[PDB]
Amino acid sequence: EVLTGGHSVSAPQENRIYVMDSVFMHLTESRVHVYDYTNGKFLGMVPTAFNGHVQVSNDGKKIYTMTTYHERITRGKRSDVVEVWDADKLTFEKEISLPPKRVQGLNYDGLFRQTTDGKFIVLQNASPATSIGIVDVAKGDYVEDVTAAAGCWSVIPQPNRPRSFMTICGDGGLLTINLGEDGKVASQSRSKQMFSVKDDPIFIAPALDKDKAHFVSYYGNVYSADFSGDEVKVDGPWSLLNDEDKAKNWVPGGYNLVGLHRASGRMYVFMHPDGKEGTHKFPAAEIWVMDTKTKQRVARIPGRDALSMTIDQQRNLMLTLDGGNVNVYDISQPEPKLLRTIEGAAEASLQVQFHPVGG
């Protein structure tokens, strides 16, 4: 026998999920673990140094990471980068230099995103002044710094436009940025106030439809941003809660805590009872399933202490993640059905993502 390298991941792209392991206890050795959701098999990994973030290219061909190096880890010159990796060979291809202010923080989806057309990576900076950085993937260059987004946070791509995204601002409204084909800002707009920052703060995680996004609040309200037109129209609140729910102080909690099943309009939200100040990141006691058209709950199931989720539209799946274990659910019908749990998928993960299949 002879040991060989150069091999590709053994399972098809459509089976693959990406568990971003912060390894917070040893945060300089964060990594992405690649699993097959159909059988729980470990398929490989991508090292991501200090507090890595990850996404898969919309065309499914590449993995993008964002990380920070120093010449001697704990001393020496800093290099913030995006790396491009081949998705099948799990090999490094290209480093793209960033200014030394890429967001260091927990793995909310909205900190490291891409345009719908896949041509630009859109990432959050904090120095601690905030701005949004644009990377041209083809050119391998940082091409734009959106200072218009100062005082805003996170990136919500618009799936109905090729190079548009929104961010949540300190006024409780949204800033929309439309990039040109060069990755520079081509236009922008600001919505009216959607939510009261002080009185009903929203979680940043969107329940994202093709042409609208829903957001849940610390107190269990729902707000929406409709981007069917060039100007975003905002609305809300409606309550997730009926009177019985209110009596037991049910509120949302988690990190990447919501999801939307686009074909049905069902929104999935992690909820826990006995809500009060300081419980907004509590593990889920339940997952609630909301009909966003009727603005009413349709189902509730045990939450398995989950903190983060993600949805696959085309296979009608939901993953949930409790920090270490990934639960796989069929959401083809209104009540989710638990298919399996992948134990020990990470030591400290708050983000799981499917390999894109939609092109």
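The first residue of the shown sequence is 1; numbering continues from there.
Annotation for 242 to 250 versus 166 to 174: the higher mean temperature factor (C-alpha) is found in 242 to 250. Averaged over Cα atoms, the B-factor as recorded in the entry is higher for 292 to 300 than for the other of 292 to 300 and 307 to 315.
Residues shown: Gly110, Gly259, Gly133, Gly229. Highest C-alpha temperature factor in the entry: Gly229.
Of the candidates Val222, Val269, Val137, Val82, it is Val137 whose Cα B-factor is highest according to the PDB record.
For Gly275, the recorded CA temperature factor ranks within the highest third of the chain's modelled residues. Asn58: CA B factor lies in the middle third for its chain, per the PDB record.
When all modelled residues of the chain are sorted by CA temperature factor, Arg102 is found within the lowest third. Split the chain's modelled residues into thirds by C-alpha temperature factor. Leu350 is in the lowest one. When the modelled residues of the chain are ordered by C-alpha B-factor, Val19 sits in the lowest third.
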